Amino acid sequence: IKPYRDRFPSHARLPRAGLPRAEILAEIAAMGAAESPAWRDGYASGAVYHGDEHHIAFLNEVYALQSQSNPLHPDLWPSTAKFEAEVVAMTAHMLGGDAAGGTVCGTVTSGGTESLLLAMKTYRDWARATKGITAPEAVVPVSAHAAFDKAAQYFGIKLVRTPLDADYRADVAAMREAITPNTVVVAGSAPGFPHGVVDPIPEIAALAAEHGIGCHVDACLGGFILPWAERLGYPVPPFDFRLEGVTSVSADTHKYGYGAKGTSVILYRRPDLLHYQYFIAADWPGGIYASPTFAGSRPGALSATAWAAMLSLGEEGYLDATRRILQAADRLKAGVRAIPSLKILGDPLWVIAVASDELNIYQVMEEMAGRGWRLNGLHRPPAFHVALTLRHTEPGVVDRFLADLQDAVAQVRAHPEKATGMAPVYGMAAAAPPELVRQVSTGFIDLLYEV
């Protein structure tokens, strides 16, 4: 995280005169020479979802043509208002918008976190104005994204995290028993980030309808994969607006939508639901201020990359892309299930979590780390995951992963008490008082802003 200490001149103060552009560019391209092989060659779990040179180059030029655009001035850039409205319209359609009576509306945001915070804040504001709730509560599974905790703390919503079943899918009974007259929303993930499992969405959406509460499908990860997994012959239940009780769905264009980082979509079943997301200031000397998302000034150029990506790919592009990923996933799962010292948690389609009842998975992960792998460290239970992308569908990437894993297992199988590098860090963290995890994370964030 800090390897450019000696390599390049640091800057704690603005230089008196301006440094040449060639020089500035020379540094960035040199860091890109060190950093791009990790993602380009397929060693990172998620992080970069497309990664083709011509696709990246395509979206860079897209960015360049629209680099000055800011949606806060639709008068000046009506193209960006077109791009945003058109991204929303298309995403909505792909997530059963027609089924919901053509009332599905939404806005383009910065990321899945924004989408989840905005949905969480909307249900709060909606339930206070229409249900009278002043002490909101949200029932979500333990596997639901960390952002649910963010929204809770921020918006003063009580978050009730409910257990999972033997398949790591949400326990609807536990969800039902958690519902009180103050529950404003219940959520399910399509799929979750931890183990890549699609929660039982039809049963969650029916539960929300029965109590007259909201149902949010966090499809930030599978929004642009599951519609195409369905059409390919893979087991995927209806998870979107085709379900009567589903009131909002988030899906990330910057993830498997293959857009530049900095874009997501938040969808609501009806406009009356959407209007509660907005903030309107009527008495400010600065004029009438109306904002649909968290931010005022928005990078318009990134809405254009989301639009460009969807249009460049089309339904055929997504089917191809999804098939490649699920076949890489089929092959990867087959190999892990062929090393009986390791187990896959639940039955994921492409975000594969691997744990071990016989050995220290953290050390296994470290062995892979030494081979160049950038895997996601997981706890509760201690495991690691591989979120497969188009970067892992490239020639011999899954074969390299499988080879490196057979070796990784063997090394730990030969030295069960081995804990090198990051392995004793994950081990101390998995069983640590929350305040210790608080003091270290704080220290780590501080470590990133040092000069």
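The first residue of the sequence shown is number 1, and the count goes up from there.
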250 to 258 set against 98 to 106, stretch whose average Cα temperature factor tops the other in the entry
98 to 106
If you average the CA temperature factors over each stretch, which comes out higher, 352 to 360 or 198 to 206?
352 to 360
Highest Cα temperature factor in the entry, among the options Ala328, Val236, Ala174, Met90: which one is it?
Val236
Selection from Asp320, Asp149, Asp283, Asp125 [criterion: highest C-alpha temperature factor in the record]:
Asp283
Entry-reported Cα temperature factor of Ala12, expressed as the chain third it lands in
middle
Is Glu315 in the lowest, middle or highest third of its chain when residues are ranked by C-alpha B-factor?
middle
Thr420 - which third its CA temperature factor falls in, relative to the rest of the chain:
highest
Once the chain's modelled residues are ordered by C-alpha B factor and cut into thirds, is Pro292 in the lowest, middle or highest one?
highest
Ranked C-alpha temperature factor of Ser79 among modelled chain residues, by third
highest
